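Below you'll find the structure, written out as structure tokens, and then a few comments.
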Amino acid sequence: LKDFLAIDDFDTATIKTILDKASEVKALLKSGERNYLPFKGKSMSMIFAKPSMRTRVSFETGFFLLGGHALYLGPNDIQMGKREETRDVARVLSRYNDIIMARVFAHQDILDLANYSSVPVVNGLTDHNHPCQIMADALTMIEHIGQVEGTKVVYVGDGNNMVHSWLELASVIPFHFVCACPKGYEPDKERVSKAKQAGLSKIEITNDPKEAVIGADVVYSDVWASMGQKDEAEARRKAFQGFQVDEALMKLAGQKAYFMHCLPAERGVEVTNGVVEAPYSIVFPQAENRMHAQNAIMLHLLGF
Amino acid sequence: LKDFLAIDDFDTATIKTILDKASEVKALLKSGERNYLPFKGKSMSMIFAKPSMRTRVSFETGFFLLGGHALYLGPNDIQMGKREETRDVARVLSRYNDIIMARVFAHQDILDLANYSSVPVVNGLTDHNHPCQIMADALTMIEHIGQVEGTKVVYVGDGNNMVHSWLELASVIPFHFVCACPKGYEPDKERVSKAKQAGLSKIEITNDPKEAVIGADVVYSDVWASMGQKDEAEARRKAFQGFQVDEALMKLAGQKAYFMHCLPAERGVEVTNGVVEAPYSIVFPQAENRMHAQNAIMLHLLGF
Amino acid sequence: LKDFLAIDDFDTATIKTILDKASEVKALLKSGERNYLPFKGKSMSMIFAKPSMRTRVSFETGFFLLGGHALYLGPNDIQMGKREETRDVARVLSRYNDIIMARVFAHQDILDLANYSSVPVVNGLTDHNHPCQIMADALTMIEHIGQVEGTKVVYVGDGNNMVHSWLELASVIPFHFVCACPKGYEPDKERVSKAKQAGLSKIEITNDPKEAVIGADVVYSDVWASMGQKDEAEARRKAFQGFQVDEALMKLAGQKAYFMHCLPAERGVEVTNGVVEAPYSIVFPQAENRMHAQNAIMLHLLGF
Ligand SMILES: NCCC[C@H](N)C(=O)O
Ligand SMILES: NCCC[C@H](N)C(=O)O
Ligand SMILES: NCCC[C@H](N)C(=O)O
Ligand SMILES: NCCC[C@H](N)C(=O)O
Ligand code: NA
Ligand code: NA
Ligand code: NA
Ligand code: NA
């Protein structure tokens with residue numbers, strides 16, 4: 001496959017190989033050495049439909065550390081969908097660059113970019129999913145717990161793009177994934193069903209977070225109103241009463257539970273300060289691993 | 001000459017030399033060579049007053065492939081001529097960088113930048129002209145037709161910055177150039193006269209596109225309302241009825257006619273989808289050639 | 001010390017050593033050497049709260065020339081203190097990059113960034129101070145006058161961030177510094193006192209520019225502020241009558257006096273055209289030296 005649009009576009013063995021390579025190249029960089037430059041003479045255009053810190057800095061810095069040059073095309077720079085159609089952007093950038101990263105709104109825009117591009121496309125977040133984040137999260141789990149297989153991962157909050165990529169991972173690695181969400185804020189039904197069809201993981205959707213978290217290896221949260229839906233924050237506050245991850249919830253989860261959050265976090269909304277800053281919080285190692293997982297994904301896509 | 005502001009600031013032999021060099025360096029990059037780095041240790045500031053995908057990505061990527069670093073200064077980053085006088089911008093950037101690219105509104109802003117800069121300045125599009133686009137277009141014609149000399153190029157649409165640079169090329173290479181435009185939307189009379197003064201090319205301005213295109217080697221179009229004039233889009237849509245490039249017009253043009261468009265294109269306005277996507281449309285090879293022509297221009301200006 | 005937040009966080013010997021290195025590396029780059037690349041494999045995130053030409057281009061170009069990659073994170077890219085707390089930004093970017101440069105409003109935001117970052121932080125301008133600008137200005141003085149020690153520097157204008165960093169330098173190098181400001185627009189009392197405490201320099205605050213400038217080595221001007229309340233703007237205009245640096249004021253200053261201005265300049269407001277363009281004006285060499293002083297600063301912070 002040419003592109004990295006969803007984790008479960010790939011098989012188990014391939015995903016595990018990418019995660020192994022992620023550890024290997026991370027260790028090389030951590031050693032302080034800077035003479036492994038496989039991307040020398042290669043370029044990446046990064047299309048962003050909305051501003052970013054983690055995705056932007058991790059991709060641009062990682063690509064540089066492996067020898068290439070990433071271009072930042074911000075929202076107003078190329079105005080994809082206003083000034084110019086996706087299919088034309090894809091066909092132009094494919095003639096200049098070796099790979100394209102895109103963070104878009106409608107998922108169909110990333111499918112269109114992939115379909116019309118002759119070079120690989122990497123998904124940097126859409127309204128539907130966030131595969132590179134979950135790949136990083138899998139690496140983080142491997143480093144802290146030992147493995148993803150057989151763990152219990154409990155997401156608390158909105159059934160959103162992050163939950164969809166957790167469901168992708170649950171389609172290629174066998175674990176127990178729970179989404180504790182308010183009624184009416186479930187993840188997409190087809191995405192849940194596709195994970196169940198894979199037959200690897202125990203998948204549960206529940207409205208009771210206090211029961212869901214018990215025995216977790218990971219309690220995961222995210223904002224209740226995502227980029228592109230910030231005008232909905234107030235009604236969601238009401239619907240999401242009881243879904244804040246606070247110290248009491250982490251105590252219910254138990255002593256082996258780590259806290260994870262893709263970031264940015266809104267303290268006092270989906271999570272408390274005390275949770276973010278607790279010893280069991282691994283949000284900053286988690287953020288770092290965006291660069292290491294993505295480096296391995298790009299290596300894979302470019303034939304290394 | 002220090003700068004690349006207009007094609008016919010240079011003589012015929014120099015323009016032909018730059019186009020040759022464009023082919024040579026293109027072949028080297030297409031071969032996979034990444035060890036020709038003449039711009040090692042050099043920097044370029046790119047000043048953009050306007051949106052850009054082709055100009056931005058072609059300049060930044062090409063400069064990187066030849067070993068240098070291009071800085072992207074977008075519309076709100078330095079605000080040349082508004083936050084700070086152009087003469088001051090020129091004199092500061094000339095002390096940091098080795099070359100400056102600028103995309104501006106008033107042509108006088110680019111003249112000011114060139115006049116006060118000790119380093120070469122490259123025009124990346126003004127309200128007046130767009131010489132690097134037409135240099136790429138000439139390379140594209142050489143590759144598809146064999147040569148520019150003795151061809152018939154028919155531009156259909158607004159008498160604009162693209163037409164001005166076509167007229168620049170017609171001042172240094174002998175061919176037949178027709179601009180078919182609605183009454184009131186003619187190119188600048190002084191620019192037409194300067195092309196005619198050179199005595200190389202047959203130059204016609206007409207309001208009848210259906211006659212104009214007959215026997216064309218190239219039918220060229222562009223948006224009817226350029227950047228900076230988008231408040232006129234509805235008025236222009238009405239004034240330009242009869243100037244859309246559709247499949248019927250390309251049939252009138254004949255069997256040897258290629259379709260070219262600088263891009264971005266607005267299907268259903270100046271051109272149909274069927275024309276943009278036809279076998280005779282070479283818009284994507286055309287766009288690629290921005291990088292190859294500009295690479296040669298920059299090499300020439302920097303003494304290579 | 002990990003960070004470069006204010007010049008007099010460092011001792012005299014260290015500041016002099018940095019300025020000596022600034023000359024040495026400048027001379028190496030001026031020779032045409034591009035083989036000294038101490039920042040190979042290193043990255044820098046640059047956080048900007050507002051537009052910038054000098055700080056932006058000098059940091060990005062300089063870091064490139066010494067072998068690293070600087071990322072530009074503009075006002076709408078991360079929103080430090082607004083979309084995401086400074087402590088979170090610090091802890092994320094510290095895991096991707098080797099050094100962070102920040103231009104912020106509240107000084108407390110730069111302190112917070114330094115406190116939470118495991119990597120060095122460089123202050124690129126706050127509401128409080130601008131230490132990299134004054135380090136550049138010291139280098140410029142050394143080159144033109146021969147030394148900072150024993151000179152007379154007269155700043156004419158608002159008691160602002162630039163005055164604060166002048167007072168920082170006067171706390172580590174013995175000279176005579178005068179701030180000639182409208183009554184009511186004095187620099188912060190504590191910053192003046194801290195400079196006096198160091199016991200090196202003669203420090204004067206006055207409201208009489210025509211007397212202040214007599215015998216100056218440097219007459220210094222700066223951006224003048226625009227006002228949010230329209231009667232407050234008119235009152236400020238009235239207060240600053242007599243504080244324009246014109247040819248008459250430079251004549252009163254005398255034959256030894258150079259004119260300096262951190263830029264951008266607004267001719268007809270703080271300074272006249274005739275002064276900016278005069279033979280005694282060194283504003284363009286001054287601007288260049290932002291790159292050379294900052295290169296030495298970054299070298300020092302990174303252990304070179
Ligand atoms: N086994 C690879 C060692 C690291 C090497 N010195 C580097 O430059 O990455
Ligand atoms: N930075 C993580 C982004 C994920 C979030 N659900 C969003 O779509 O905003
Ligand atoms: N990308 C090409 C731009 C040319 C057009 N006439 C404009 O000025 O908008
Ligand atoms: N580019 C000048 C920076 C210093 C100025 N006093 C300001 O605060 O804007
Ligand atoms: Na993200
Ligand atoms: Na263009
Ligand atoms: Na109109
Ligand atoms: Na500045």
Side-chain angles (χ1 to χ4, degrees), chain A residues 49-56 58 78-79 83-84 88 92 103-105 107 124-134 136-137 155 157-166 187 220-230 261-266 270 283 286-287 290, chain B residues 48-56 58 103-105 124-130 132-134 136-137 155 157-166 187 220-240 261-266 270 283 286-287 290, chain C residues 78 83-84 88 92:
Chain A
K50 195 156 173 181
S52 158
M53 178 176 68
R54 276 151 289 283
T55 305
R56 162 75 185 277
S58 62
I78 72 175
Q79 301 171 359
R83 179 173 197 252
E84 194 159 16
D88 291 352
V92 169
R103 180 267 182 269
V104 301
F105 291 99
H107 197 70
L125 173 69
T126 79
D127 292 344
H128 175 63
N129 70 346
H130 199 2
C132 294
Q133 176 78 52
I134 292 298
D137 295 344
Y155 174 99
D158 187 28
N160 68 6
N161 54 7
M162 288 306 315
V163 176
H164 295 153
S165 285
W166 274 115
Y220 203 102
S221 189
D222 186 19
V223 296
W224 293 341
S226 289
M227 285 176 294
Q229 68 192 201
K230 311 307 196 80
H261 187 308
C262 53
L263 304 181
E266 295 178 349
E270 67 285 0
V283 301
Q286 179 187 2
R290 291 291 304 283
Chain B
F48 284 85
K50 289 172 181 169
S52 180
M53 178 178 65
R54 274 149 291 284
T55 303
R56 164 70 185 282
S58 60
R103 169 172 290 216
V104 300
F105 289 87
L125 182 146
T126 81
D127 285 347
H128 175 61
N129 72 349
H130 196 7
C132 291
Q133 177 75 56
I134 294 297
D137 297 343
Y155 174 100
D158 185 35
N160 67 7
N161 51 12
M162 286 311 314
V163 178
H164 298 150
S165 284
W166 273 113
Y220 204 103
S221 190
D222 184 18
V223 294
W224 292 341
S226 290
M227 295 174 286
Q229 325 178 297
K230 297 298 194 181
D231 63 317
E232 299 186 17
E234 176 179 338
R236 287 169 177 259
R237 187 188 43 206
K238 176 179 176 178
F240 282 64
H261 187 309
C262 49
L263 308 180
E266 299 182 344
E270 70 281 0
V283 301
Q286 176 187 3
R290 292 291 306 284
Chain C
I78 72 173
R83 177 235 206 188
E84 187 162 15
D88 293 352
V92 169

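Counting starts at 1 for both ligands and their atoms, following the listed order. Below, read A as the first sequence line, B as the second, and so on, with proteins coming before strands; counting in each chain starts at 1.
- Where the criterion is an N or O separation shorter than 3.5 Å, residue side chain and backbone included, A:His130 fails it with respect to ligand 2.
- Summary of contacts: the protein heavy atom closest to atom 5 (C) of ligand 3 is B:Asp222 OD2, 3.4 Å.
- Residue contacts with ligand 2: A:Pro264 is included, with a non-hydrogen atom under 4.0 Å away.
- For the pair B:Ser52 and A:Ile78, the tightest heavy-atom approach, listed with the atom from each and the gap, is O-CG2, 3.6 Å.
- Contact check for B:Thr55 versus B:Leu125: no side-chain heavy atoms found under the 4.5 Å cut-off.
- Contact atoms of ligand 2 toward A:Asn160: 6 (N) (distance under 4.0 Å to a heavy atom of the residue).
- Contact check on A:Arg54 versus C:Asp88 returns no salt bridge, with no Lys/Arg side-chain nitrogen under 4.0 Å from an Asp/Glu carboxylate oxygen.
- For atom 8 (O) of ligand 2, the closest heavy atom belonging to the protein is A:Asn161 ND2, 2.9 Å.
- Heavy-atom proximity to atom 7 (C) of ligand 3, evaluated over B:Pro51, B:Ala265, B:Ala287, B:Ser226, is greatest for B:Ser226.
- Protein heavy atom nearest atom 2 (C) of ligand 3, with residue, atom name and distance: B:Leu263 O, 3.3 Å.
- Between A:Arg83 and ligand 3, a contact under 3.5 Å exists for no N or O pair.
- With a 6.0 Å radius and a threshold of 12 heavy atoms from other residues, nucleotides or ligands, A:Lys230 has its NZ atom above the threshold.
- Contacts of A:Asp127 with ligand 2, taken as heavy-atom pairs under 4.0 Å, are absent altogether.
- Using a 4.5 Å heavy-atom threshold, the side chains of A:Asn160 and A:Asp222 count as touching.
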- Where do B:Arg290 and B:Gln133 land on the side-chain contact (heavy atoms from CB on, under 4.5 Å) test, with the steps shown first? CA-CA 6 Å; B:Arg290 292 291 306 284; B:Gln133 177 75 56; 2.8 Å; yes
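- Looking only at heavy atoms of the protein, atom 9 (O) of ligand 2 is closest to A:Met227 N, 3.0 Å.
- Remark: minimum distance from atom 3 (C) of ligand 3 to any protein heavy atom is reached at B:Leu125 CD1, 3.4 Å.
- Here the shortest heavy-atom pairing between B:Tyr220 and B:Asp137 reads OH-OD2, 2.6 Å.
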